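# Coordinates in review
Below, each chain spelled out in residue letters.
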Amino acid sequence: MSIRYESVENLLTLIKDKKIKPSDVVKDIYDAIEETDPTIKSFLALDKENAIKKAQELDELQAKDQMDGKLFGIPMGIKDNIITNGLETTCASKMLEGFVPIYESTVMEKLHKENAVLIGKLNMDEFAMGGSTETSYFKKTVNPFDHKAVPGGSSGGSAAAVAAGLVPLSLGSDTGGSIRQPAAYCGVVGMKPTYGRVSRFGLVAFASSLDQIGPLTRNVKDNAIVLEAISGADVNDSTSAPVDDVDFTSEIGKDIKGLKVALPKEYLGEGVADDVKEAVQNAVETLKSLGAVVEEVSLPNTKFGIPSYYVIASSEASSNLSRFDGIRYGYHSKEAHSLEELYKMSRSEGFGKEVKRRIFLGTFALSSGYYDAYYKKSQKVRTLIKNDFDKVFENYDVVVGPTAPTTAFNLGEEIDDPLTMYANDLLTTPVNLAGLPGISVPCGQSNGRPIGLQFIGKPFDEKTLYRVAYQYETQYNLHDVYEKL
Amino acid sequence: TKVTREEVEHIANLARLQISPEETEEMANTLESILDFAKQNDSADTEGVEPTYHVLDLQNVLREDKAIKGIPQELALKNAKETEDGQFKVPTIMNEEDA
Amino acid sequence: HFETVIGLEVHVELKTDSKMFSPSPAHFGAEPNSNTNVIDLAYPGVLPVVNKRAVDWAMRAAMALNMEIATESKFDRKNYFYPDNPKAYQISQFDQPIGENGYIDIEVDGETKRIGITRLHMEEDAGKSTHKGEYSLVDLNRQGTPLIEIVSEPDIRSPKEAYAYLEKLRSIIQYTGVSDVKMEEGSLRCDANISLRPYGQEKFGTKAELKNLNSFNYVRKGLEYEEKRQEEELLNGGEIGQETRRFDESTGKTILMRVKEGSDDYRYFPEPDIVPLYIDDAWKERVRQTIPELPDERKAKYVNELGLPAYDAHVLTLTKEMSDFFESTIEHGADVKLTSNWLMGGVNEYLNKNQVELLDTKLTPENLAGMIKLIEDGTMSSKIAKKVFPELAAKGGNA
Ligand SMILES: [Mn+2]
Ligand SMILES: [Mn+2]
């Protein structure tokens, strides 16, 4: 539990300098989990046995002075919607409880190759649908900064585990902000790479056109490092982009004077809280004091983010989840005597209220007579939302504004209010629709609850995001606070 | 507005989701609210705008036609709750009352 | 009174090494669910990867079908729950089918009639669900096998024109070398849509989809039976309705198995997991050239040049091998007519009587060439050819 607060960068060197044995690095982690998660509750399946085994293997490699891997002996947590071979992946749903993947996802493939240590899986909303992880069929994770508050959705477990010092880095999935929002709420660094930057082979789908895996760390630097270890095209993912340059650390540490930063006026709209707004405005000032040039611009179609997002996401969801019938795997209803029942009973009994809501909406949005009026329309709106960015990027390097309209909300506050629960995706959804890369870093606190600052960049321009993200981080961050909780 | 029991049960059927009449009504409203929520897009001028199917501008991603032996039968059935003779066992009585 | 409108929805199994959207081998053994993987099993988190050859072949058969090859073509999802379709959706093509508006000429009791083939897209075959007891056994071995759907413009007008259609189609595809096209093997399946509309008015009577047509000869049986079936209905009284009917091989009658409540909702929408296709000229050429001389122009070449009759030119161009064999043995030294008469019957009748359809691994052009000359002007005549042929065919090469 000692190096439980060290960054991936330092901890990385501590191992290379043989100042610490991999096996103890793990001993610490689990020691941490054992003491903190009972209260946080961010971890699902724990892979301790295997973890210990790998570390034991690493100690040898340490002595033999053969420490290869961008994340050698680095503890890692993985969202339970990302397939891990032999490790129970449930997507935090009854439907997949006990499910043991028979193949390895591409990100885990790469991570293992970099010799990272798999400590466990993180809790999440059921099937990435949700903004507070409260929909989990197993437990409700809590915000390390305020246990009376939520971690965020859907990767709440990933943001909380990192903030709670259970792991140095973790993976999450973003479809509409499921990485950035939980990041903002827990005041940690979250990054949803450009669509196509990180393979999707091995990611239990929610919205094939919006889904994307990303890293969550306690600081901008470590976050870049991890994204280097997972980025890269893959023959198992046809949509994976053929972009070789996967170095994101190069331009970190360089100044941002002259950097053209676009501040969408709609991002400081009416749906934004007062304290959140202030925080980001002082942020804007900070970005100025650093040299960057920030001027207001308009992302008109922003207001249509959430609506179009849901229609699209839900629709696809009404297709990606249809494979869950309890035939080849997953929850198999016992009270079924006919073939129709088996489907209608396994599915209903296995999915939770929210998942079924998306499905109903989606299935409807696609059905005959409504397809054009909802799905097609939403798709056309999506085109608008991207143009907005297209135009803006014609004169600006990056875009800035809050990540979430308000600080983290109370547990059970909006759990029974899906519509307001949705409003929280106001500032995130546009990015997934545009397929651009976004990143959130903490930039304030209101009543102890952290506020998120987001940086929206051009496709495959993550290096620039890290450049401006690191600069700002130097003027503000919560590095010293996680340690105190 | 106007989301009948019928439609609600037609989608459920289209989704293979069992719903009791005591959930139907409830779902009729929820859907309606969500739909009214979805209705917002209509205030966006999309005249002559092409739908966005893919956000990434890739092209022709094909795979060379070269086979790769499949996994063992055991592996393919390892997670199936119901199996018989190396296959997935399932009901099938065709009666317009269960189907 | 009535013109009977009928169309044929035909699927063909492309014989490629691996599957359509999965590296799994397209050919499998006898062990069920042994020729699969996470993709074919629709495990969570799996994605489709398009078979390049499947496309080239798909667009090769589409061209030979006199269709317009799409420049931009993307796949879409056909959503429907069924034990042999694990993803609950079949990756296929809705708009932008790789091939559109084609045709093929056919000869029916009368003269030439050009029937149009509206489209030709690519799909993935489903698994096979065996019905044991009050339960069902599923085998995804076949699941994911590349297919191509060929819908006919509703031009064919009779149970015979249908037959003529399937044969000419089967014939042409066979020449592209993209499928064994055998119905007795499943590498060629056919469904028929039939509806009658009394002359004078535009309204139709009932419309039914015939299922379980498993042989060229069978589609005709059901078709013409159905024709008469709703022929009575239309006259006697008949209650107009959209329906689906199963054809009983034994009795020879079609059985109503369900009445459409409307138009099946498949919620078609563009597969996001597969980036769009952009078939350029260079590409269209590569596959353009890779096409031989199809049956028609191959038959017209048997008309004036090498002035052969009609019945002759039809059965010789029936298959590519047959036709190649004939032309390979023609140059060798066998007199035109000689072989023609020798192939038409004799060899054809030998193949049918011995099921030795593998016209290749048996007697050869080099071998058969001789027997022709031996009779032509060498030894005497015919009758000796009675047995010298079978022996010479099943093995050996000359004597
Ligand atoms: Mn089909
Ligand atoms: Mn059909």
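Residues numbered from 1 in each chain as written, not as in the entry; some residues may be left out. Chains lettered and ligands numbered in written order. Heavy atoms only, no water.

## Points about the sheet that holds strand β1 (residues 3-13) of chain C
All names here are of chain C. The sheet built from 9 strands is open, its strands ordered β2-β6-β7-β10-β1-β11-β12-β13-β14 with mixed pairing. In this open sheet, the two edge strands, each paired with only one partner strand, are β2 (68-69) and β14 (254-259). Summarising the sheet, β1 and strand β11 (residues 188-197) pair through 10 bridges and their orientation is antiparallel. Bridged to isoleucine 6 within β11 is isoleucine 194. (Pairing = 2+ DSSP bridges. Helix = DSSP H or I, 4+ residues; strand = E, 2+ residues; numbered from the N terminus.)

## A few points about empty space enclosed by the protein
All names here are of chain C. Inspection of every chain in the model, using the stated rule, returns 7 cavities of 30 Å³ or more. Volume-wise, the largest cavity comes out at about 90 Å³. Lining the largest cavity we find 14 residues, and of these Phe21, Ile39, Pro48, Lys87 and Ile91 sit closest to its centre. Looking at side-chain class alone, the lining of the largest cavity contains 7 nonpolar, 3 polar and 4 charged residues. The computed volume of the second largest cavity comes to approximately 80 Å³. (1 Å grid on protein atoms, 1.4 Å probe; cavity = no way out; pocket = protein on both sides within 12 Å on 5 of 7 lines; lining within 4 Å. Points joined across faces, edges and corners; volume = space filled by probe spheres on them. Nonpolar A, V, L, I, M, F, W, Y, C, P; charged D, E, K, R; others polar.)

## Brief notes about the coordination of the manganese ion (ligand 1)
Each pair of donors in an ideal octahedron of six around a metal sits at 90 or 180 degrees, and each pair in an ideal tetrahedron of four sits at 109.5 degrees. All names here are of chain C. Distances from the manganese ion (ligand 1) to its protein donors, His11 (NE2), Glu123 (OE), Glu123 (OE) and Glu149 (OE), fall at 2.0 to 2.5 Å. Counting along the primary sequence, the residues that act as donors to the manganese ion (ligand 1) give the motif H-x111-E-x25-E. With a gap of 26 residues between them, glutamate 123 in strand β7 (residues 112-124) and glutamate 149 in strand β10 (residues 146-152) connect regions that are remote in the sequence. According to the relative accessible area criterion, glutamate 123 is buried, its value standing at 2%. The class for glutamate 149 is buried, based on a relative accessible area of 8%. (Donors = N, O, S within 2.8 Å, 3.2 Å for Na, K, Ca; no water. Buried < 20%, exposed > 50% of the residue type's maximum accessible area, 1.4 Å probe, protein only.)

## Regarding the interface of chain B and chain A
Contacts between the two partners involve 46 residues from chain B, matched on the other side by 60 residues from chain A. Buried area between chain B and chain A, both sides added, is near 4,900 Å², and the carbon and sulfur share of it is 70%. In terms of surface lost to chain A, no three residues of chain B exceed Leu17(B), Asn41(B) and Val55(B), which account for 14% of the buried area on that side. Where chain B packs against chain A, one counts 0 salt bridges. Linking chain B to chain A there are 16 residue pairs in polar contact. For the side of chain B that touches chain A, the secondary structure elements donating two or more residues are α1 (5-15), α2 (21-38) and β1 (88-91) of chain B. If you tally residues by element for the side of chain B that touches chain A, the top one is α1(B), at 7 residues. Among the residues forming the side of chain B that touches chain A, the class breakdown is 28 nonpolar, 9 polar and 9 charged. (Contact = heavy atoms within 4.5 Å. Buried area = accessible area lost by both parts, 1.4 Å probe. Salt bridge = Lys/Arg side-chain N within 4 Å of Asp/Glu carboxyl O. Polar contact = N/O pair within 3.5 Å; in protein donor to acceptor, adjacent residues only side chain to side chain.)

## Some details on the domain arrangement of chain C
One frequent convention defines the size of an interface as the accessible area lost when the parts assemble. Residues and elements named next belong to chain C. Structurally, chain C comprises domain 1 (1-292) and domain 2 (293-399). Here domain 1 and domain 2 have C-alpha centroids that lie 34 Å from each other. Taking both partners together, domain 1 and domain 2 bury about 1,100 Å²; carbon and sulfur atoms supply 54% of that area. The largest share of the area that domain 1 buries against domain 2 comes from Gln174, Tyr175 and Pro292, three residues that together contribute 54% of it. Linking domain 1 with domain 2 are 1 salt bridge. Between the two partners, domain 1 and domain 2, sit 5 residue pairs in polar contact. Its residues placed into classes, the side of domain 1 that touches domain 2 shows 5 nonpolar, 2 polar and 4 charged. (Domains from an automatic or database assignment.)

## Points about the interface of chain C and chain B
On the side of chain B, 33 residues touch chain C, which itself brings 46 residues to the contact. Contact between chain C and chain B buries roughly 3,500 Å² in total, counting both sides, with carbon and sulfur atoms accounting for 57%. Put simply, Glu64(B) and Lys52(C) hold a salt bridge, and the shortest N to O gap is 3.6 Å. Seen at the junction of chain C and chain B, the total is 24 residue pairs in polar contact. At the level of elements, α1 (52-63), β9 (135-139) and β16 (277-278) of chain C are the ones that each hand at least two residues to the side of chain C that touches chain B. Residue contributions to the side of chain C that touches chain B peak at 5 residues, all from β9(C). For the side of chain C that touches chain B, a count of residues per class yields 24 nonpolar, 10 polar and 12 charged. In the sheet, β1(B) pairs with β9(C) via 4 bridges, with the strands oriented antiparallel.

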